[PDB]
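Notes for the one structure printed next.
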Amino acid sequence: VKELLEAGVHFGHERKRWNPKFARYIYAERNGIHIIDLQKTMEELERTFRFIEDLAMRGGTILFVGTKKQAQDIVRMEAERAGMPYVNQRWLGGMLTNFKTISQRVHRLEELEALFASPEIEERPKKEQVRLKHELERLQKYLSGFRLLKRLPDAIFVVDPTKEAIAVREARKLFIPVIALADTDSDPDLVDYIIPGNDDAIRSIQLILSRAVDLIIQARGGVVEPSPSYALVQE
RNA sequence: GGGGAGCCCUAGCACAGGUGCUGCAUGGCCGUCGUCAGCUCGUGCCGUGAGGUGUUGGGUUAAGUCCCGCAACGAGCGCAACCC
C-alpha cells in the first residue's frame, strides 16, 4: 500500500492554476503539472487516519461528499460500505445548516415511502399520484445516503474541498473536522484534515476512499473487499 | 249621571321631510390593468446595515406549469385543483 501503490496510478494535478500554499505541498512542477510530495502525503494520511480511526472506534460520523460524476458514484458505494451518510447527486445548502428543515424533508420522504405501502392503490386521485411519483423519485435523487443522518456528523469525508468548499464553508463554519481531499486546486488551511492528492484520477478516488473506508471498518472490525473500482475507472 | 282605550280632528308643541350640494367624508357594490402571473412567509446564507436571497440563471408552458443549474430548503394566497 501507501506511497508505492500511489506511485501505481495517481499523484498531483493542476497545470499552474495553483493556490500558493498548496504548492507548499509540492515536489517539482515538471511538464506543467506540480508533483504532489507523497512523502508529506504519508505524514498527512498518518494524522488523518489517526483521527479517522479515532472517530471510527468511537463511532461519531463522517460525511461523504462527492459531486463530480466520477467520485460521485464511487463515493456512494464506499460510503455504503462504511456505514456513513453521504452526498449522492446534488449538494444542497440546507443540509449543513438547515439540518432540521431537511430532517423534515426526510420526514416527508419517509411519509411518501410509508404511503407506497398504503391502500392508495385504491381510491385517491391519479394526478395526485403522478405528483407523488415525481417528488418521490427526485427526493431520492438528492437525498440518498444523507437519508439516515440525524444529529450533526463530527467530521466529513468529502472529495475536492472547493466545490466541496461550498460544502466545507458550511462545515468549516459549524466547527466540524473537514476530512476531505484534493489537488493544488484548493487552498490548504481551509481543509481541516488536509489530504493532498489528485481528484482527477478516478483511481486516486478509488484508492484513497476505499482505503479510508475499509480503515474505519477495521476500527470496527470486519474488513471485506473494495467493490467499485477499475472497471468504471477506465472502461 | 261622569270618565278610559280602538278613533278622527283643531291650536300650541317635540317634530318629521329633501331623487337639495359635496364619491376630495365614506362603507358597500363594482369597473379596471386582466386570467394580469403575479404577491409572499418561515428557517439558512450573503451585507456594517437598508436589504439582497429564494423568485437572480436556461429551455418550456395557458401559467412562478414543469425540468436543469444555484446559498438555499421549503411553504402560503393566486395558478391548478376539487362544484357545475
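The way I read the labels, and the way they are meant: chains A, B, ... in the order of the C-alpha cells, residue 1 as the first residue of every chain, and ligand 1 as the first ligand shown, with later ones counted on from there.
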Considering only C-alpha atoms (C1' of nucleotides), tabulate each residue of chain B that lies at most 10 Å from chain A along with its nearest interatomic pair and the corresponding distance in Å to one decimal; arrange the rows by chain and ascending residue number and present them as a Markdown table.
| residue | atom | partner | partner_atom | distance |
| --- | --- | --- | --- | --- |
| B:43 | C1' | A:98 | CA | 6.8 |
| B:44 | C1' | A:98 | CA | 5.3 |
| B:45 | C1' | A:93 | CA | 8.2 |
| B:70 | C1' | A:92 | CA | 9.1 |
| B:71 | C1' | A:93 | CA | 5.8 |
| B:72 | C1' | A:93 | CA | 4.6 |
| B:73 | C1' | A:94 | CA | 5.3 |
| B:74 | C1' | A:101 | CA | 7.6 |
| B:81 | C1' | A:127 | CA | 9.7 |
Selection to disk with C-alpha atoms (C1' of nucleotides), as a PDB file, in the first residue's frame:
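Contents of out16.pdb, as written:
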ATOM      1  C1'   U B  43     -35.640  28.920   8.548  1.00  0.00           C
ATOM      2  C1'   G B  44     -30.116  29.061   6.387  1.00  0.00           C
ATOM      3  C1'   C B  45     -26.726  32.090   3.932  1.00  0.00           C
ATOM      4  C1'   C B  70     -27.795  27.686  -7.839  1.00  0.00           C
ATOM      5  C1'   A B  71     -26.664  29.832  -0.876  1.00  0.00           C
ATOM      6  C1'   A B  72     -30.574  27.554  -0.201  1.00  0.00           C
ATOM      7  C1'   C B  73     -34.696  24.072   1.609  1.00  0.00           C
ATOM      8  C1'   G B  74     -39.312  24.551   1.582  1.00  0.00           C
ATOM      9  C1'   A B  81     -57.458  21.588  -8.268  1.00  0.00           C
TER      10        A B  81
END
- prompt: DSSP on the backbone: what in range 1-234 of chain A comes out alpha helix (DSSP H), as a PyMOL selection string?
  reply: chain A and resi 2-9+38-58+69-82+99-116+126-142+166-173+202-218+230-234
Selected residues written out with C-alpha atoms, as an mmCIF file, in the first residue's frame:
data_model
loop_
_atom_site.group_PDB
_atom_site.id
_atom_site.type_symbol
_atom_site.label_atom_id
_atom_site.label_comp_id
_atom_site.auth_asym_id
_atom_site.auth_seq_id
_atom_site.Cartn_x
_atom_site.Cartn_y
_atom_site.Cartn_z
ATOM 1 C CA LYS A 2 0.962 3.619 0.648
ATOM 2 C CA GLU A 3 3.337 5.780 -1.450
ATOM 3 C CA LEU A 4 4.131 2.807 -3.722
ATOM 4 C CA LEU A 5 0.593 1.929 -4.834
ATOM 5 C CA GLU A 6 0.162 5.687 -5.066
ATOM 6 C CA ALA A 7 3.128 5.619 -7.421
ATOM 7 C CA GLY A 8 0.933 2.973 -9.062
ATOM 8 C CA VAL A 9 -1.544 5.248 -10.864
ATOM 9 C CA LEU A 38 3.712 11.869 -1.491
ATOM 10 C CA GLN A 39 6.154 11.772 1.420
ATOM 11 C CA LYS A 40 4.257 14.517 3.209
ATOM 12 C CA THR A 41 1.180 12.657 1.931
ATOM 13 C CA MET A 42 2.327 9.840 4.179
ATOM 14 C CA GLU A 43 2.592 12.389 7.010
ATOM 15 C CA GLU A 44 -0.916 13.665 6.305
ATOM 16 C CA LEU A 45 -2.551 10.238 5.983
ATOM 17 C CA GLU A 46 -0.800 9.496 9.297
ATOM 18 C CA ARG A 47 -2.562 12.342 11.169
ATOM 19 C CA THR A 48 -5.671 11.817 9.048
ATOM 20 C CA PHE A 49 -6.119 8.105 9.628
ATOM 21 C CA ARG A 50 -5.295 8.810 13.261
ATOM 22 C CA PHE A 51 -8.494 10.841 13.516
ATOM 23 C CA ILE A 52 -10.326 8.554 11.049
ATOM 24 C CA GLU A 53 -9.763 5.588 13.359
ATOM 25 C CA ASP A 54 -10.378 7.803 16.396
ATOM 26 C CA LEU A 55 -13.930 8.608 15.386
ATOM 27 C CA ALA A 56 -14.308 5.104 13.936
ATOM 28 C CA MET A 57 -13.539 3.191 17.145
ATOM 29 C CA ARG A 58 -15.663 5.820 18.895
ATOM 30 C CA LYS A 69 -19.765 12.449 -11.502
ATOM 31 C CA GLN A 70 -16.798 10.103 -11.153
ATOM 32 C CA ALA A 71 -16.214 10.310 -7.417
ATOM 33 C CA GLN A 72 -19.962 10.684 -7.035
ATOM 34 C CA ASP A 73 -20.973 7.140 -7.893
ATOM 35 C CA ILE A 74 -17.739 5.868 -6.389
ATOM 36 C CA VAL A 75 -18.236 7.687 -3.121
ATOM 37 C CA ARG A 76 -21.699 6.278 -2.530
ATOM 38 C CA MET A 77 -20.600 2.655 -2.603
ATOM 39 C CA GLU A 78 -17.640 3.260 -0.358
ATOM 40 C CA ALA A 79 -19.913 5.244 1.936
ATOM 41 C CA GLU A 80 -22.461 2.428 1.701
ATOM 42 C CA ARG A 81 -19.619 0.164 2.738
ATOM 43 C CA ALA A 82 -18.507 2.474 5.529
ATOM 44 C CA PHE A 99 -30.418 20.451 9.078
ATOM 45 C CA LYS A 100 -33.879 20.481 10.692
ATOM 46 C CA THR A 101 -35.796 21.594 7.591
ATOM 47 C CA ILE A 102 -34.051 18.760 5.793
ATOM 48 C CA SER A 103 -34.938 16.489 8.710
ATOM 49 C CA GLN A 104 -38.500 17.340 7.682
ATOM 50 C CA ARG A 105 -37.516 16.628 4.056
ATOM 51 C CA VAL A 106 -36.588 13.175 5.327
ATOM 52 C CA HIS A 107 -39.822 13.002 7.320
ATOM 53 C CA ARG A 108 -41.699 13.920 4.142
ATOM 54 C CA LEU A 109 -39.678 11.408 2.089
ATOM 55 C CA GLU A 110 -40.372 8.581 4.516
ATOM 56 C CA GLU A 111 -44.050 9.579 4.560
ATOM 57 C CA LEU A 112 -44.085 9.090 0.784
ATOM 58 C CA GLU A 113 -42.456 5.682 1.184
ATOM 59 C CA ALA A 114 -44.890 4.880 4.010
ATOM 60 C CA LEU A 115 -47.796 5.615 1.665
ATOM 61 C CA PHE A 116 -46.352 3.447 -1.076
ATOM 62 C CA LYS A 126 -54.368 9.886 -10.229
ATOM 63 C CA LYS A 127 -52.982 13.372 -10.978
ATOM 64 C CA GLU A 128 -52.078 13.413 -7.290
ATOM 65 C CA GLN A 129 -50.185 10.114 -7.584
ATOM 66 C CA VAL A 130 -48.328 11.413 -10.665
ATOM 67 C CA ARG A 131 -47.211 14.254 -8.396
ATOM 68 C CA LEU A 132 -46.338 11.592 -5.808
ATOM 69 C CA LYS A 133 -44.078 9.592 -8.145
ATOM 70 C CA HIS A 134 -42.323 12.764 -9.308
ATOM 71 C CA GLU A 135 -41.389 14.309 -5.959
ATOM 72 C CA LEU A 136 -40.671 10.814 -4.646
ATOM 73 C CA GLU A 137 -38.075 9.987 -7.276
ATOM 74 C CA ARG A 138 -36.356 13.369 -7.068
ATOM 75 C CA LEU A 139 -36.403 13.373 -3.253
ATOM 76 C CA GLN A 140 -34.484 10.124 -3.617
ATOM 77 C CA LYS A 141 -32.265 11.790 -6.231
ATOM 78 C CA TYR A 142 -30.863 14.386 -3.846
ATOM 79 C CA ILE A 166 -19.311 25.185 -0.712
ATOM 80 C CA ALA A 167 -19.574 22.052 1.382
ATOM 81 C CA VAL A 168 -16.513 22.995 3.507
ATOM 82 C CA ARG A 169 -17.545 26.628 4.143
ATOM 83 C CA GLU A 170 -20.643 25.038 5.638
ATOM 84 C CA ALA A 171 -18.759 22.597 7.857
ATOM 85 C CA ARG A 172 -15.846 24.962 8.499
ATOM 86 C CA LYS A 173 -18.448 27.391 9.784
ATOM 87 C CA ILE A 202 -10.765 8.089 -10.522
ATOM 88 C CA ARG A 203 -8.241 5.514 -9.323
ATOM 89 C CA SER A 204 -6.958 8.019 -6.770
ATOM 90 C CA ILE A 205 -10.548 8.341 -5.660
ATOM 91 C CA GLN A 206 -10.856 4.542 -5.534
ATOM 92 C CA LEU A 207 -7.664 4.022 -3.524
ATOM 93 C CA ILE A 208 -7.829 6.918 -1.025
ATOM 94 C CA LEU A 209 -11.540 6.425 -0.429
ATOM 95 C CA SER A 210 -11.760 2.648 -0.108
ATOM 96 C CA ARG A 211 -8.587 2.630 1.969
ATOM 97 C CA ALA A 212 -10.193 5.035 4.432
ATOM 98 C CA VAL A 213 -13.498 3.121 4.331
ATOM 99 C CA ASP A 214 -12.101 -0.345 4.939
ATOM 100 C CA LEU A 215 -9.974 1.502 7.535
ATOM 101 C CA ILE A 216 -12.884 2.623 9.714
ATOM 102 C CA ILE A 217 -14.284 -0.845 9.071
ATOM 103 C CA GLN A 218 -11.089 -2.228 10.643
ATOM 104 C CA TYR A 230 -11.020 -0.476 -12.070
ATOM 105 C CA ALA A 231 -13.993 -1.207 -14.334
ATOM 106 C CA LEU A 232 -15.700 2.205 -14.477
ATOM 107 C CA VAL A 233 -12.244 3.692 -13.828
ATOM 108 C CA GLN A 234 -11.127 3.235 -17.450
#
query: For residue 69 in chain B, which residue out of A:145, A:120, A:165, A:91 is the nearest one, using only C-alpha atoms (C1' of nucleotides)?
result: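 Closest candidate: A:91.
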message: Using Å and a single decimal, report how far CA of residue 225 in chain A sits from CA of residue 64 in chain A.
response: 18.8 Å
- request: Could you tell me how far CA of residue 33 in chain A lies from CA of residue 66 in chain A, in Å and to one decimal?
  value: 23.8 Å
- prompt: Which distance in Å separates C1' of residue 34 in chain B and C1' of residue 57 in chain B, to one decimal?
  reply: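 Interatomic distance here is 28.8 Å.
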message: as a PyMOL selection string, please: every residue in range 16-169 of chain A that DSSP puts in strand (DSSP E).
response: chain A and resi 26-27+35-36
How would the residues just picked look written out with N, CA, C and O atoms as an mmCIF file, in the first residue's frame?
data_model
loop_
_atom_site.group_PDB
_atom_site.id
_atom_site.type_symbol
_atom_site.label_atom_id
_atom_site.label_comp_id
_atom_site.auth_asym_id
_atom_site.auth_seq_id
_atom_site.Cartn_x
_atom_site.Cartn_y
_atom_site.Cartn_z
ATOM 1 N N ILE A 26 4.333 20.598 -2.417
ATOM 2 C CA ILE A 26 4.758 20.300 -3.784
ATOM 3 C C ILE A 26 6.247 19.989 -3.985
ATOM 4 O O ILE A 26 7.136 20.750 -3.585
ATOM 5 N N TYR A 27 6.488 18.828 -4.586
ATOM 6 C CA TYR A 27 7.775 18.493 -5.169
ATOM 7 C C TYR A 27 7.625 18.758 -6.666
ATOM 8 O O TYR A 27 6.686 18.263 -7.296
ATOM 9 N N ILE A 35 4.126 18.168 -8.858
ATOM 10 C CA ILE A 35 4.119 16.779 -8.398
ATOM 11 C C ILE A 35 3.911 16.680 -6.891
ATOM 12 O O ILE A 35 4.735 17.143 -6.112
ATOM 13 N N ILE A 36 2.796 16.089 -6.477
ATOM 14 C CA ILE A 36 2.493 16.033 -5.053
ATOM 15 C C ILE A 36 3.573 15.219 -4.314
ATOM 16 O O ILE A 36 3.938 14.110 -4.718
#
